[PDB]
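Novice:
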Amino acid sequence: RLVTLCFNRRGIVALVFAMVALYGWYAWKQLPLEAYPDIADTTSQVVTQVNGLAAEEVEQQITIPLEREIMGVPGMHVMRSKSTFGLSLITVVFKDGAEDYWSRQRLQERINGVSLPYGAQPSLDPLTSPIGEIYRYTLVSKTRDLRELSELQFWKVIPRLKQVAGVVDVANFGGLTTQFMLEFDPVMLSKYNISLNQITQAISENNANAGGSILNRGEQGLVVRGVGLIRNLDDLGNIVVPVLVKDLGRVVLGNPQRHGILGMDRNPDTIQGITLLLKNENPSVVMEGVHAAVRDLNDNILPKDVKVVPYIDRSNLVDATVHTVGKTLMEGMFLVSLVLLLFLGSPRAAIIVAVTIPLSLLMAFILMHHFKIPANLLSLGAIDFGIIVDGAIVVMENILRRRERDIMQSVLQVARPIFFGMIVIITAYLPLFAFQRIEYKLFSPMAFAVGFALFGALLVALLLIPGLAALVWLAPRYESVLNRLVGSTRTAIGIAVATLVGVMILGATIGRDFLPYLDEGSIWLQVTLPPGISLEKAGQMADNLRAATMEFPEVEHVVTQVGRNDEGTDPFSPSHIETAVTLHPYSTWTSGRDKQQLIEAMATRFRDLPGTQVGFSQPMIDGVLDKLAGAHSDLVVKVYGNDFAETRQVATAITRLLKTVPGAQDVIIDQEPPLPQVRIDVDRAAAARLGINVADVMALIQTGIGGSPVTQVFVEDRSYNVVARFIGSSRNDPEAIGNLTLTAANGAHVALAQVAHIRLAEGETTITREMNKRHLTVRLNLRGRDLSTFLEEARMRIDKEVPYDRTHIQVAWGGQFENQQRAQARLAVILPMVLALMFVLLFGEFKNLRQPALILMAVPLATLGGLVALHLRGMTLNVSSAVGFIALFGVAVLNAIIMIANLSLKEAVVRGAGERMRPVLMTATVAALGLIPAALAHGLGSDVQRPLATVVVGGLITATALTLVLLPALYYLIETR
Amino acid sequence: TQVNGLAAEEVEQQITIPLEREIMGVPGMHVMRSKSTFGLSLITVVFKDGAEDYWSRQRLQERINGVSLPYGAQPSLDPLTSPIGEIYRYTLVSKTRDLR
Amino acid sequence: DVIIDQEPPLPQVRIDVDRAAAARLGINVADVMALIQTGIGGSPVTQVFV
Amino acid sequence: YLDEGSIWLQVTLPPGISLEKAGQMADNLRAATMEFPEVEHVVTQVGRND
Amino acid sequence: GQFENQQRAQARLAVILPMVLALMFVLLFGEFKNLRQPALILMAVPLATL
Ligand SMILES: [Zn+2]
Ligand SMILES: [Zn+2]
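Chains as they are written, first to last, in UniProt numbering: chain A, 4 to 244, 251 to 413, 423 to 487, 502 to 935, 945 to 1018; chain B, 51 to 150; chain C, 698 to 747; chain D, 549 to 598; chain E, 847 to 896.
Okay, structure coming up:
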């Protein structure tokens, strides 16, 4: 048909595929690439930051009435709220299909128009993915101290980076926020007869400038203005309170309560920042921009001694992924070309078949460009060109073997079975298109790239290729085993059935997981400290931990983040550390251990550390795990109910129980035990007898101890706060606070201990609520075992060996298990449906109804090697492995089609099978040896497609081993009976 | 942001600059300029090509609100329109009335 | 047509509150500011709805 | 080009001038422009809009 | 200024300008199958330019 008009097009079609190749190049160049695809489903958080409030106060008086509004939001999937000291954090994760800015507008519509009595203004966190951390930088200097570095961060580095297109915000960590401060003794306020209310209502009475509009003199108008704005620390001392504010206790620089403390190698205190890309923006480009920005800072904007340098960069992961995938695919192409050169005699011809490889890819890139399909280098890691090139094989086998005039005839003869074989392959990838969410967002471009390559393969195998112009002992041995296939149908069905039961036994018992760990270039650490710890002590424990990590030759820079960032994104207390461990290049390691083994070594090492429990993650996967269900972990056990102590008890029981089960590895109770509080309970009776308003006491507490800013000072473009605070030991303890004074209606200083009863009681550190219900969480990561097997052995012992209930407290599970199960169900729904469609496709070509049955039931022959590989290699059955089975089944049923199409009763079978031996063995060989180099372990971005490749290769070995023996025997057993 | 009587330097200092600080990270922004002067601060933002209108204005709106606002000034986005979009220019004319 | 765009700086009467003298006579800077705010240029005390 | 049916003018005056004086400047600009037989209307906007 | 558009467009066409004349070359080569001839007919472009 087209192969007729093709020959005289020899010049034209060449230019066609050439310019098309160029358009494919431009397609790739304009095709945004992703090393680590965005895993996390659409979600957003509302951050209400209340200055001084305790955890309980935040939860009850802020978080809950916010929950009442947020609860009925459109597209709501799960709504959780963590309320910690000075912070109310509401994480809302939405359903599948809700876009970002939409749901953002919805939450924004909910959280506005609320009350929030403390002046708390709820706000949505930056719009970014949990994988959004790209440039993590620390600005360093060998002279300048922390405060100067902090100023440089705030007023130089932050805005400059924030200008970068693609960057939503840059989160600030550590450092010192500078404020103008007044340090004075209450004995002095009792000395000069001044109330604590008066001094603050004074210092903040006047800070301002005033426009006086326009004053007319002659024909020239003059703007009337005036300046009362305090420009410095000295201007503060002169506020009237002839007693000066400076004659009153000293006026100096200071900082508010530190929300977080950061450290790096041998550096207990420093400052860093975290660049957040905006949502769906391609990381590498935004990284080019931020690279330009950073170098613009270091070379130009920042002082000579201060230089911003990153401890974490996404472009590095990108480059490592690029190198690994590049080397892999290059090796694949080389092996295909090599084996092609080995089977096919003529080298030039082998090249003619070889040019099918780059062209069909360039065919696909044009489509992926116009369909806006991104290129995930990890999923595109498995292609192997043992599918795409098969179409070029069967014709080349057809032509050449037919020769040793008009080639279009035999090309036409082989045109029908290969085209339907092509459709069979592309329809076999239907279940990949079927599944949704994470696994889709991961594997999607592979299925499209292959399918579009299949269409591009036919374009090469027809409009180009035909228009281009030890086996000796393998032959009779094959005739010998086909000769053994005569009759013996009982022993033959013995073999077939034994193989079926084989994959049954081997398949039924095996590990069932979700994803193969998706290695990154670092390690994230979740550390929990003792309850009620000061920032200083937390920083010291962080120092010791960080120093214990640096002991390892594999680590490079250990960054420890104590508490939470100044932005309010993380609901972390001072009792919590997040440690970023950046490993050296894997080749530089002088210790033999693999990353997992290093993980175990670090774990066992940290077990010898005082007051520290360390869970293990990687930064991005940690983010998406956090967004997934309850916490940062592979799995969680949630204990519901409104009683904190009760849920605490049961959660301790389950916490201790999970440590018994082999699968579970890192087990923590999550929310820290309650911390010591000094509780001031105002007695209104005594307040009535002494004539004291509660507002006075509350103000004394907030401004006296806390130092909530009284006014705001403006200096140049910069601004700071101004705070009047009791000095040092003024409050060291309950007794001192009791002896503090405030005014009265009768004009006499009264100690608050005469009115407000001061006691000591512990209270919850962080209150977590899932869907308007209070609960606690047991965080657990599992390592060294299977997920499904672990929930098999555990999850029973929880419902058996753990006594609970009476009043409320019901348990529950969460983490990646629910995700894996959803994917499993979604796969098993579309799985039988595609079997039926491929059953009609097989019924279309042969139209005997026997061949569809036989060929479609040739699949378990392929399943064998898929299972023996995953068992022998020690791998696990998962999404990637499942995909492996998909592709494997595709090439298996294709090879069955090709074999049977060409298939003296049993002699017809022997000769018929013999004729088709070469292209079957060849296509099998190239398809296996295609994904063989992708089974090479070492690399970054290396393991996604590794199990895919394993299943494909092993499965293909056994599929081909069986199909050249069992298949024609079964054929002979049916068609002759 | 229109605040009457306030001088130029104070308009830049206490109004324009913080508003700019909260605006800057705005999604898909091309160039932001600001002119600060007696009576008001005008912050103009042009967006990278291919940006929807109500989208952009929703972003700007999502930024400017919830800020300092010393003098009671209330930042508000100018009417959605185009430089070529003033289609009618009229005058009120009467012999028998006055400007009030 | 070539100009400097933004015009040269205008004359202004600058009222700078002296902190020391404000301490000596006991005056809040707020009093003075609001004096040149409400008193001189003027600020609306309230709104009348007819 | 791409001319419309009109001519627009960007005018800068002495710095910090009174709005009344600038009003008079506008008046002289209009009066001087109207001397052209080709112009039907000359509209001056001094200051800004509301 | 306005040149921001100019330098954007001047390069813009310059990217796709040879691209279409290379595509036109493909077409002309398609029907005639000659090499010299579509080159000669492609030489008609500067003739009109004058
Ligand atoms: Zn985080
Ligand atoms: Zn910010």
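No residue lacks a Cβ here, since even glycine has one placed at the ideal position from N, Cα and C.
Let me see if you follow: with CB-CB separation under 7 Å, is residue 753 of chain A close to chain D or not?
Specialist: no
Novice: Shortest alpha-carbon distance to residue 791 of chain A belongs to which of A/838, A/806, A/270, A/710?
Specialist: A/710
Novice: Counting only beta-carbon separations shorter than 7 Å, does residue 114 of chain B have a partner in chain A?
Specialist: no
Novice: Quick check: the segment 260-274 of chain A against the segment 578-592 of chain A, are there 3 or more CB pairs under 8 Å?
Specialist: yes
Novice: Considering Cα atoms alone, identify which of A/98, A/299, A/121, A/135 is closest to residue 655 of chain A.
Specialist: A/135
Novice: Suppose only complete runs of 3+ residues qualify. What are the beta strand (DSSP E) ranges in the segment 568-605 of chain A, listed by chain order?
Specialist: 587-595
Novice: Using the beta-carbon of each residue, which ones in chain B are nearer than 8 Å to residue 744 of chain C?
Specialist: Ordered by position in chain B, no residue passes the 8 Å Cβ test against residue 744 of chain C, which lies about 13 Å from the chain.
Novice: Spell out a yes or no on whether the segment 224-242 of chain A and the segment 698-714 of chain C are touching, meaning 3 or more CB-CB pairs, one atom from each, closer than 8 Å.
Specialist: yes
Novice: Specify, as a first and last residue, the run of the alpha helix (DSSP H) that residue 201 of chain A falls within.
Specialist: Taken as a continuous stretch (DSSP letters only), the alpha helix (DSSP H) holding residue 201 of chain A covers 199-206.
Novice: Determine which residues of the segment 194-224 of chain A have a Cβ less than 7 Å from any Cβ of chain B, and write them out in chain order.
Specialist: 212, 214, 215, 216
Novice: Run through the DSSP bridge pairs and tell me what residue 560 of chain A is partnered with.
Specialist: In DSSP, residue 560 of chain A forms a bridge with A/608, A/645.
Novice: Measuring CA to CA, which of A/813, A/171, A/869, A/71 is closest to residue 687 of chain A?
Specialist: It is A/813.
Novice: Give the interface partners of residue 89 of chain B over in chain C, defined as CB-CB distance under 9 Å, in chain order.
Specialist: Ordered by position in chain C, no residue passes the 9 Å Cβ test against residue 89 of chain B, which lies about 11 Å from the chain.
Novice: Kindly indicate which three-state DSSP category residue 670 of chain A falls into: helix, strand or coil?
Specialist: DSSP places residue 670 of chain A in strand when its eight states are reduced to three.
Novice: Counting along the chain, where does the beta strand (DSSP E) carrying residue 3 of chain A start and finish?
Specialist: With chain A covering only 4 through 1018, there is no way to say anything about residue 3 of chain A.
Novice: Measuring CB to CB, does residue 171 of chain A end up less than 7 Å from residue 285 of chain A?
Specialist: Yes, Cβ-Cβ distance for residue 171 of chain A and residue 285 of chain A is below 7 Å.
Novice: Could you check whether the Cβ of residue 706 of chain C sits closer than 7 Å to any Cβ belonging to chain A?
Specialist: For residue 706 of chain C, the answer is no, since every Cβ of chain A falls outside 7 Å of its Cβ.
Novice: Comparing alpha-carbon positions, which option in A/423, A/435, A/388, A/857 lies nearest residue 404 of chain A?
Specialist: Closest option to residue 404 of chain A, Cα to Cα, is A/435.
Novice: Quick one: what's got a C-beta closer than 6 Å to residue 803 of chain A's C-beta in the same chain, skipping five residues either side?
Specialist: 82
Novice: Just to make sure I have the definition right: I need the residues of chain C whose C-beta is within less than 8 Å of the C-beta of residue 57 of chain B. Which are they?
Specialist: The CB of residue 57 of chain B comes closer than 8 Å to the CB of 709 in chain C, given here in chain order.
Novice: Could you check the C-alpha separation between residue 934 of chain A and residue 527 of chain A for me, to the nearest Å?
Specialist: Taken atom to atom, the span from the alpha-carbon of residue 934 of chain A to that of residue 527 of chain A is near 24 Å.
Novice: Would you say residue 375 of chain A reaches chain E, if we count a Cβ-Cβ gap shorter than 7 Å as a contact?
Specialist: no
Novice: Hey, residue 855 of chain A and residue 546 of chain A are a contact pair by Cβ (cut 8 Å); roughly how many whole angstroms apart?
Specialist: 7 Å
Novice: Going by other Cβ atoms of all chains shown within 10 Å of its Cβ, with 16 needed for buried, is residue 851 of chain A buried or exposed?
Specialist: buried
Novice: Quick check on the DSSP output: the alpha helix (DSSP H) that includes residue 751 of chain A runs from which residue to which?
Specialist: That residue, residue 751 of chain A, is in no alpha helix (DSSP H); its beta strand (DSSP E) goes 750-758.
Novice: On a Cα-Cα basis, can you pick out the residue from A/753, A/723, A/928, A/1005 that is closest to residue 780 of chain A?
Specialist: A/723
Novice: Going along chain E in order, which residues have a C-beta closer than 8 Å to the C-beta of residue 18 of chain A?
Specialist: 872, 875
Novice: Quick check: the segment 666-674 of chain A against the segment 832-848 of chain A, are at least 3 beta-carbon pairs closer than 8 Å?
Specialist: Flag = yes, the segment 832-848 of chain A and the segment 666-674 of chain A touch.
Novice: State the Cα-Cα distance for the pair residue 524 of chain A and residue 979 of chain A, rounded to the nearest angstrom.
Specialist: 42 Å
Novice: Starting from residue 72 of chain B, find everything on chain A with Cβ-Cβ shorter than 7 Å and list it in chain order.
Specialist: Correct list: empty, because the minimum Cβ distance to chain A is about 10 Å.
Novice: Along chain D, which residues have their Cβ under 7 Å away from the Cβ of residue 700 of chain C?
Specialist: The answer, in chain order, is 560.
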